[PDB]
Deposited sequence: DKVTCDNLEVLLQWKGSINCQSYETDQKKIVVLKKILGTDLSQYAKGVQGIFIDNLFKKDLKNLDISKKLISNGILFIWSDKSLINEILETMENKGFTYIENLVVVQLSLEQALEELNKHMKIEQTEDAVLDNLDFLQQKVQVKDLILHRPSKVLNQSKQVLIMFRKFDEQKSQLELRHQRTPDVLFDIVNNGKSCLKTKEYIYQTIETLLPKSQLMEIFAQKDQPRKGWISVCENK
């Protein structure tokens, strides 16, 4: 018996993309040279690219926080991978995934957000456990953003809560991380130097360093 509020911030209320655009073949390369120190980092790990063979200890200042991504399965092995790399786990945010197909399902409708407008009427018919249908003895319907700390623009600590609700990719060939997570980063950290590794051409962010290989 809750709706709408959950979906507001998650979707439909930074557009432009552009403080470096590092390009490379990361398997060949090393990251030490590139500008630092950075007091925060963000790896889009939905792809599950091996990160163990990543050098992040040098770049980060003694004090830093790390944001990592696993869409479903690899909850525990990220933790060792970071521990090996020097970071202690601090918090979790769960992107809870509501299927679009389930939302537009009733009363009968097709397109798209159309469903977003209708949360007013929609809210009445179904409960958050009912639109949680999703595409391991569970159908995991989440992605988890993982947070670590490396040492001993709104500051406040209780600024963004762990959970968010989104409606799943309309197009299967989508590999993006919601722009809202950046706000969580930028609100949580007022420090100027932040970093995103494995960035797209689309995802470069102002006052961020994006390091990406081709394709």
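Gaps without C-alpha coordinates occur at 14-22, 28, 123, 147-152, 170-174, with positions taken along the deposited sequence from 1.
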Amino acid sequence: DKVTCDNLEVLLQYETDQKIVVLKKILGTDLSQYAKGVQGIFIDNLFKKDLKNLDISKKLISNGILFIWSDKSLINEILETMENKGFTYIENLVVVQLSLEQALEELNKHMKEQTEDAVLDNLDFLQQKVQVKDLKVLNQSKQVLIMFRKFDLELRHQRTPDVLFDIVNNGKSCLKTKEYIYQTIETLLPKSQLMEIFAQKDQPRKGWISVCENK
From here on, numbers count along this sequence of modelled residues.
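The PDB entry reports B-factors from which the mean C-alpha value can be compared for 92-100 and 136-144; the larger average falls on 136-144. Relative to one another, 68-76 and 123-131 have unequal mean CA B-factors, and 68-76 is the one with the higher figure. Residue-level inspection of the entry shows that, of 168, 164, 189, 43, 168 has the top Cα B-factor. In the PDB entry, a CA B factor belonging to the middle third of its chain's modelled residues is recorded for residue 13. When the CA B factors of the chain's modelled residues are split into thirds, the value for residue 156 lands in the middle one. Residue 178: CA B factor in the highest third of modelled residues in this chain (values from the PDB entry). Among the modelled residues of its chain, residue 108 has a C-alpha B-factor that falls in the highest third according to the deposited record. When the CA B factors of the chain's modelled residues are split into thirds, the value for residue 63 lands in the middle one.
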